[PDB]
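To start, the structure under review is shown below, and the notes come after it.
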Amino acid sequence: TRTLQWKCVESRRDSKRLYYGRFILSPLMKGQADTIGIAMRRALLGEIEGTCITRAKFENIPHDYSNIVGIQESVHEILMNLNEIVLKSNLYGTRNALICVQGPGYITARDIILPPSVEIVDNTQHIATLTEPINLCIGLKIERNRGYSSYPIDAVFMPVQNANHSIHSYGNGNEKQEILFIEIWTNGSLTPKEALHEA
Amino acid sequence: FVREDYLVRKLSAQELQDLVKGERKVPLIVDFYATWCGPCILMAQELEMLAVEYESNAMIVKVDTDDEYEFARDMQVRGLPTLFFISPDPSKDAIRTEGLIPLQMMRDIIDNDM
Amino acid sequence: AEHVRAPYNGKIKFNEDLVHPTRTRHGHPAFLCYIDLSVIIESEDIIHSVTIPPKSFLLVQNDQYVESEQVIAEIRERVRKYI
Amino acid sequence: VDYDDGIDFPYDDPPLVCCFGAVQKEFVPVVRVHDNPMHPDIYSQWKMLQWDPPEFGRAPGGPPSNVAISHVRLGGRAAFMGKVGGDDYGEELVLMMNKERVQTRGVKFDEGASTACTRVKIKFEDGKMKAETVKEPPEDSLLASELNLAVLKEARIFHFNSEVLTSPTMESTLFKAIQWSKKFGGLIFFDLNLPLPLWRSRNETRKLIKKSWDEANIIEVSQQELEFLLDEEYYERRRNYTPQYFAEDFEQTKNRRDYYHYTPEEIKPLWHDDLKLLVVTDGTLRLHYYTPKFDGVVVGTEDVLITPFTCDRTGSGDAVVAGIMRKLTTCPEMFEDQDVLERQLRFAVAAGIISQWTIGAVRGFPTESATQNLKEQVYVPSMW
Amino acid sequence: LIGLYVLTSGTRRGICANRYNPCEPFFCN
Amino acid sequence: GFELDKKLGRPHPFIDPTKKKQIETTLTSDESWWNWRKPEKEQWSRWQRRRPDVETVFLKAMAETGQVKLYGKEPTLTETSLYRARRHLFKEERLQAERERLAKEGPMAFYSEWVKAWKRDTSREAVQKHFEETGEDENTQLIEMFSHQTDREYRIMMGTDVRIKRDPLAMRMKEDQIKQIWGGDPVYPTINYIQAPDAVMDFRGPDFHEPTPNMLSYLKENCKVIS
Amino acid sequence: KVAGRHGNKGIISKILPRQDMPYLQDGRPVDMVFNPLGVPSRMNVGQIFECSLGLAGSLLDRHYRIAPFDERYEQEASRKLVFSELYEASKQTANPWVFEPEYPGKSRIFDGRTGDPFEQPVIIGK
Amino acid sequence: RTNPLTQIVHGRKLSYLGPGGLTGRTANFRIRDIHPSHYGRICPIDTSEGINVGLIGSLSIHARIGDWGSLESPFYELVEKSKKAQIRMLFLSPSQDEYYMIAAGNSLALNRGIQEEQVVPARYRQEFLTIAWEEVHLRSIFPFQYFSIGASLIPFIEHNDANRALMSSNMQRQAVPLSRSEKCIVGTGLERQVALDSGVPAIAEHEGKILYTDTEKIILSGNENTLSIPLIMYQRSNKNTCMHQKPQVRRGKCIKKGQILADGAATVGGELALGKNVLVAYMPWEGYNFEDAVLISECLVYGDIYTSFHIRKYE
Amino acid sequence: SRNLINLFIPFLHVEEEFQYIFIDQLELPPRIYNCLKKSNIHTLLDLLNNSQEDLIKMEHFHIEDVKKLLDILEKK
Amino acid sequence: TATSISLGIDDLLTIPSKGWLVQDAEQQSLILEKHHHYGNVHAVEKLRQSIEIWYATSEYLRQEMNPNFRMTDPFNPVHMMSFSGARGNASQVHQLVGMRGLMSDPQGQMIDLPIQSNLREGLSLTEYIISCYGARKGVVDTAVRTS
RNA sequence: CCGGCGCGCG
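Here it is in structure tokens:
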């Protein structure tokens, strides 16, 4: 119906934390595709916000460069694993979550007690492994923000992994129309279509 | 004080004859090799790994064909690398494998045939 | 020392009686030139002429074939050598 | 025998070749005694015997599957004819041949056999330990009813080794396959590659190989194999001869390596009527060729010292034979023109040279582009 | 210096501008 | 012929074949000095093969297409230098030809080269028939066709981007032509160089020395230091 | 201070957001930008060979351990190795910008601030 | 102890200084130069910068100290037919180095003659010649024969000017171990040698099986001998650089004597790993890479690509 | 500002409502087997990648061969 | 930045006639060595010839390097980086696209073996060792130019 | 809070 249309020409879920999408937008007048592409690229790479863990509190740790008896990973590795958890939320503020389990076993991302406004993208993400029945209580801090940043966690809030666009001549030079393609890679916290709309 | 770097022992034809004649509790794996043979290096490393795996549950020995050429020809050796899997039971028959067979193949032969 | 190089592929044409035979510092037979010698290269398209200034070594022979950029003429302490 | 098989077709290019025998990983068959052994345990010294090899192992050959893989890598089409078991190792071998684009339609599976495994019984005859075969491996147990007549019809060259002569079943199957191949117009390529048993005595090996020798149109032997088959001691004495007072020519004063070219009169005992080409290989250094019309030698070279830590001579003879077949299938004038024959044999020389630069026979087989590049780099342009 | 050299390097001329022997906009300011 | 192709700049020999003469007979090595005699046997050089480059491959491709014609089958070094001097004009001609083909055939026919899963007829007449029968205009059909393109095909099609403007000759160049840029396969196989990114180094391999013994344990082993 | 293994040293003078860095034809921004004028005066061509082959290895999931003086096998041995591995990565991953027949090793990249391509192809790598 | 490369190259230095040796002011100007007897024994590239240039040397990869205080390098001997020559690799002292015709070329050349008459570059009596193969006595065949460890870690070194090779060797000794390490995509194959001989990784002293692994220890048991190997965790060097080890094996893995058990700092999988593989462009960008400046992206910062631990000591 | 907004409005618009099973191991007739190689098909994955439309297009391929291929695949 | 001059492997342009000239010098060096072995020339005549024939060849490549750049690749990055006067001179570009020429041993004398390859092609093991003679001089002469 | 020795950077 519309003279100018857009559509998702390919959608692909490579893994639980890597979504792909390609979109088309035609016909565009000459010069419009360049403006749309550059502004959309900069918005996708800089203006889309994400939700991340930013602060985790331990109880029986001298410093983040020490070990715990019965836990295979040191505190530094636990913090690095916590930094890789992909979250999703539409709200702002410093929400807090809880990790409170008893071993032995594997502590995955599904063991986090989240507030109702925050959701887990990948349940299988690894945090630590308990070899013997020890107590482990970790208090987390979660907020939604842009860009990047009790032990502080260097949180990278950008959920779009990469973006690309291409411009092609539509055909005969009646108005030298153009075809715009946009490729978006996300971490699963939002789909490429959601990233396009939010941008 | 210093552990030896190699667990596979080199035997003569007479020593191998005495070993086969005598009572055997674990499988005996006999390797025929020559230092001028290129494939025998990889077989040597594989057999070192196999000897590490089977600490006391198998016996890995090697015979040089430049010292026991006639003995190798008698034992029906047509080339190198060649392995002989000798079962501890005298009633059973030995198995000759020719080529650079995988380590898992050696494990299967030892487990389910000796 | 400046090297005159053949500007075209062709046949060297000059009279060897206007030059004096010598021996180069590299051990080669050559012709010493003390006059305004004219050397003709009969190339594939037309005949070309190369002017050889005096006090120069002419390293080529009459009717010899030469390639382009090939040296045809040359213009021009105490060490101990052990064999 | 009586009729034909399948449907006649124009057939695609390059012409197909068939390799008959056992498919094995590595397993150089030619084994003799060498007088310069390295440390029995430290295999890091054994590379020194790769750049100073025993003469019989200068360009070792292997199973026919090596020749098939090398031939395919050199731009040809090849099919392998043989039997493997139905276990994991047989499937692994067939997968190796398939990834190399070798036709495995001629491969017969045996679900009840263990691939590359032979049953033997150990006996103590006259005070010495010996073994005798109880059940042959599936690679030696291909029956004449298990052949693939389409492959034998399409194949223009039939290739086999003398390892099949150490098995009676494989011998009968080989002779039936040779009959089928000669019926359809193919050429028989005998690549001797004498295994360890066949070096016991000259007369026994001559009697064992005479029939297959006479059934072959193309024969490739090493210098050691040829001299063993004719007379080992005579040529050993001839090499050791030194003039007592003065040389007969200036070249004899240089004490260069001996590259003696056997006369066709010396080759006469081993010649027969259907033999179109005999090639004697002194590694990759010399390629002595003999045809009913002419004879000569192709001068080659080698450099394994250019890469001392990756050089390995295993599979070099397979590459030479594969290059010979590759040029024979596409250049029929080799059998009749001497200059063309030498020019095409330089390709096989280059292929053998490259194959010595990598650890592993299959892993190091060159491609046609690399072989042609090395041939043009080594030789002057007038010898191309 | 490279930027200025590229900026002030003028048109391709002669055989580097046209493939064949020839047997541009006008701006007010 | 000549004197007109030279005037117009059309492909022509540098030297007119009619106005060409041989170079007579030169010295026969019997009336020549020792230093100017051709060697009896050809000498190995390591410079006996001509160096591969981009210019030779592109000139051979353009001679195959008829855009230019060379003196022989293999372009000379003079022709290679001339192509290096004038190479932008031919690429611009190819780009203009591609633009004209896009304008003539239409987007559906032009871009179906990089959409192999599209089996419908892509001519303008077929597009108009589809629009009349279904109400889906050319843009809708174009969007539908690009919905079957793969990511590999899309990335290949990026050579037609208006900002990239990849050479059409290079886009359709085949592997056998491309390999001649560097001369083909290296004589030393690359498999010797290749190592797995996750490989763990085996220190008992053939390229390693024997395991270094503990100095104290080595002293005690040789019975030099008491317990 | 950062440096490569070819005597190419330098001080970090500027840090940009990823949307400001120049980016490739696959849309990925680069991590470092080096001055090309440092090669001719310093005469270290081996860094150009390494960056092109490092890019090829990352796409092909390969590592390369090459002994020095590989031209003892053939002329331009390093060029044949790098160009053929660049083309293999381009063909397998369907990334035609990785190997350009017009100018091997170099590709057109785009200005992250304007989205317009830089006029000349740029040698990129890893 | 900055990195594993510095631990091993320090012990292989040769100095003309010290008691009984010439001082920088004392040093003659004909010394500090390269002598033809150095080939294969002293690296011609590696030297100190400053007043002590040409007075602090460095041993080659294959160099050996003889029984007379002389340096030896191995050469491959080419002999006639009638000679046993059980081992053709003989170490050559500089005194006998001159009187051998040593070639460095290859034998991949053939014309209508025979191979022995092809000419190759060779060394004889401290000069460079071009003689036939039949007149060659020894061949130099090892790839890393003439270089030290520093120069042997430079890929495509034959395309770099030798002046920058000296600078490149020094810079590799100043590399900081990163909090996370990764192997180089392109190398020379000597990284595995450096890792093994530095002692930074854990090397098994006894064959057996892996039974337990964690941050603080690795437990290996073999032939009724159970050992426990501790792992260094965030220790300090003399240069304020962190030392740390992580396991490289899993429980249930069979181990040979001399095989790797764990990876140390600046070591991944048994190789020297002093840097990172990053996407790079070579172009001018608005003067922020003027002269030798480097423009980087924020991804290298918030990704912790070049983050390093530094530990100071206060007494 | 208005032109930019109009350029980014449309993105918010809504609308009204076998790799290792090879041909050789399969018992195929020689005529069908050789045709597949001429068209560069070596693995059963590639055989299933081609629709029946393209199978008939290649030379020396008939309708009978198409039916024979389906029966053998159904039996394995 | 807008033009973004760069530097690739194929931008390092050797003149088309290097292979012709290197083969010519190789043929003359092969002939003289045979006749020197014959006793038709003496050692100094052979020592002079090899040095001067390869110095003339090296110097001719340097002269033709610029007209090759000016006529066939005016916008070549190596040419622009030096012809504009920005960074680098003709001598250093010759080391990259021509040939490194001849070196000298510490005691003044020249080495009777040319470096006939450039840095783009890759020096041989023998040539790289010889080129280290000039590398040592530069660092040593720096320690005396300053003091 | 003084000098020697060793190692480095520009």
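Residue numbers (the authors' numbering), protein chains in the order written: chain E, 10 to 158, 169 to 218; chain R, 72 to 185; chain W, 351 to 426, 436 to 442; chain S, 77 to 460; chain G, 536 to 558, 578 to 583; chain Z, 202 to 428; chain B, 821 to 946; chain C, 380 to 694; chain A, 219 to 235, 269 to 327; chain Y, 51 to 197.
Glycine is no exception: its CB is placed at the ideal position from the N, C-alpha and C atoms.
### Message
Suppose contacts are defined by Cβ-Cβ distances below 9 Å. Is residue 242/Z in contact with residue 490/C by that definition?
### Response
Yes, these two residues count as a Cβ contact at 9 Å.
### Message
Alpha carbons only, please: which of 441/C, 685/C, 416/C, 681/C is nearest the one belonging to residue 158/E?
### Response
When only C-alpha atoms are compared, the closest one is 681/C.
### Query
Among residues of its own chain, excluding the 5 on either side of residue 309/A, which ones have a beta-carbon nearer than 6 Å to its beta-carbon?
Counting only Cβ-Cβ distances below 6 Å, and skipping sequence neighbours, we find 290.
### Task
Just the C-alpha distance for residue 319/S and residue 146/S, rounded to the nearest angstrom, thanks.
Using only the alpha carbons, I get a separation of about 44 Å.
### Task
Could you name each continuous alpha helix (DSSP H) segment of 4 residues or more that falls completely within the segment 116-161 of chain R, going from the start of the chain to the end?
Within the segment 116-161 of chain R, the complete alpha helix (DSSP H) runs of at least 4 residues are 140-145.
### Task
Have a look at the DSSP bridge pairing and note the partners of residue 182/Y.
Bridge pairing for residue 182/Y: absent [DSSP].
### Query
Is it buried or exposed for residue 438/W, if we count other Cβ within 10 angstroms and need 16 for buried?
By the 10 Å Cβ count, residue 438/W comes out exposed.
### Message
Can you list, in chain order, the residues of its chain with a C-beta nearer than 7 Å to that of residue 174/R? Leave out the 5 residues immediately preceding and following it.
### Response
117, 120, 121.
### Touching by the beta-carbon criterion (3+ pairs, under 8 Å), the segment 92-99 of chain Y and the segment 124-139 of chain Y
Not touching, per the Cβ criterion.
### Query
Less than 9 Å separating the beta-carbons of residue 201/S and residue 109/R?
Taking C-beta atoms as the reference points, residue 201/S and residue 109/R fail to come closer than 9 Å.
### C-beta neighbour in chain Y for residue 468/C, strict 9 Å
Against chain Y, the CB of residue 468/C has no partner CB under 9 Å away; the residue lies outside that interface.
### Message
Let's see if you can read the secondary structure: which residues bound the alpha helix (DSSP H) around residue 161/S?
### Response
Annotation: residue 161/S is outside any alpha helix (DSSP H); the continuous beta strand (DSSP E) that includes it extends over 153-161.
### Query
Alpha carbon to alpha carbon, how far is residue 515/C from residue 454/C?
Their Cα atoms are separated by approximately 12 Å.
### Task
Jot down the residue ranges of each uninterrupted beta strand (DSSP E) in the segment 489-550 of chain C, minimum 3 residues, whole runs only, in chain order.
Those beta strand (DSSP E) runs which fall completely within the segment 489-550 of chain C and span 3+ residues are 498-502, 507-511.
### Task
Could you tell me the boundaries of the beta strand (DSSP E) in which residue 66/E lies?
Looking at the DSSP string, the run of the beta strand (DSSP E) that includes residue 66/E is 59-66.
### Query
Sorted by chain position, which residues of the same chain lie with C-beta nearer than 7 Å to residue 114/S's C-beta, five sequence neighbours on each side aside?
Residues 121, 122, 124, 125 of the same chain have their beta carbon placed closer than 7 Å to that of residue 114/S, with the five preceding and five following residues left out of the count.
### Query
Listed from N- to C-terminal order along the chain, which residues in the segment 288-322 of chain Z have their beta-carbon within a distance smaller than 7 Å of any beta-carbon of chain G?
Within the segment 288-322 of chain Z, the residues whose Cβ lies closer than 7 Å to some Cβ of chain G are 290, listed in chain order.
### Short CB-CB distance (under 9 Å) between residue 43/E and chain B
At a cut-off of 9 Å between C-beta atoms, residue 43/E counts as an interface residue with respect to chain B.
### Query
Exposed or buried, which one is residue 404/W when buried takes at least 16 other CB atoms within 10 Å?
Classification of residue 404/W: exposed, given that the 10 Å Cβ count is below 16.
### Query
If you draw a straight line from the C-alpha of residue 93/R to the C-alpha of residue 84/R, how long is it?
If you take the alpha carbons of residue 93/R and residue 84/R, they lie about 14 Å apart.
### Query
What is the rounded straight-line gap between the Cα of residue 394/W and the Cα of residue 238/Z?
About 22 Å.
### Message
Counting only beta-carbon separations shorter than 9 Å, does residue 379/W have a partner in chain Z?
### Response
Closer than 9 Å to some Cβ of chain Z, the Cβ of residue 379/W qualifies, so yes.
### Task
Starting from the beta carbon of residue 638/C, find every residue of chain S whose beta carbon is closer than 9 Å, and list them in chain order.
Ordered by position in chain S, no residue passes the 9 Å Cβ test against residue 638/C, which lies about 15 Å from the chain.
### Task
Classify residue 130/R as buried or exposed, calling it buried when 16 or more other Cβ atoms lie within 10 Å of its own Cβ.
Classification for residue 130/R: buried.
### Task
Can you tell me which of the three DSSP states residue 119/S falls into?
The three-state secondary structure of residue 119/S, taken from DSSP, is helix.
### Query
Okay, do the segment 884-902 of chain B and the segment 365-381 of chain Z touch, 3+ Cβ pairs below 8 Å being the bar?
With the cut-off at 8 Å, the segment 884-902 of chain B and the segment 365-381 of chain Z do not touch.
### Task
Could you list which residues in chain G have their beta carbon closer than 8 Å to that of residue 286/Z, in chain order?
The contact set of residue 286/Z on chain G, defined by CB atoms closer than 8 Å, consists of 550, 551 in chain order.
### Query
For residue 121/Y, which residues in chain Z fall below 7 Å Cβ to Cβ?
Correct list: 286.
### Message
I'd like to know if residue 237/S contacts chain B, where contact means its C-beta is closer than 9 Å to some C-beta of that chain.
### Response
Interface criterion not met: the Cβ of residue 237/S is under 9 Å from no Cβ in chain B.
#### Entry: Residue-level contact to chain B via CB, residue 186/Y, 9 Å cutoff
So no, residue 186/Y is outside the interface.
### Message
Can you pull the chain Z neighbours of residue 76/R, defined as C-beta to C-beta under 7 Å?
### Response
Within chain Z, the residues 411, 412 have their CB atoms less than 7 Å from the CB of residue 76/R, given in chain order.
### Task
Could you tell me which residues DSSP pairs with residue 237/Z in its beta bridges?
When beta bridges are read from the DSSP output, residue 237/Z appears opposite no residue.
### Task
Return the CA-CA distance between residue 222/A and residue 218/E, expressed in angstroms with no decimal places.
Distance between the alpha carbons of residue 222/A and residue 218/E is about 13 Å.
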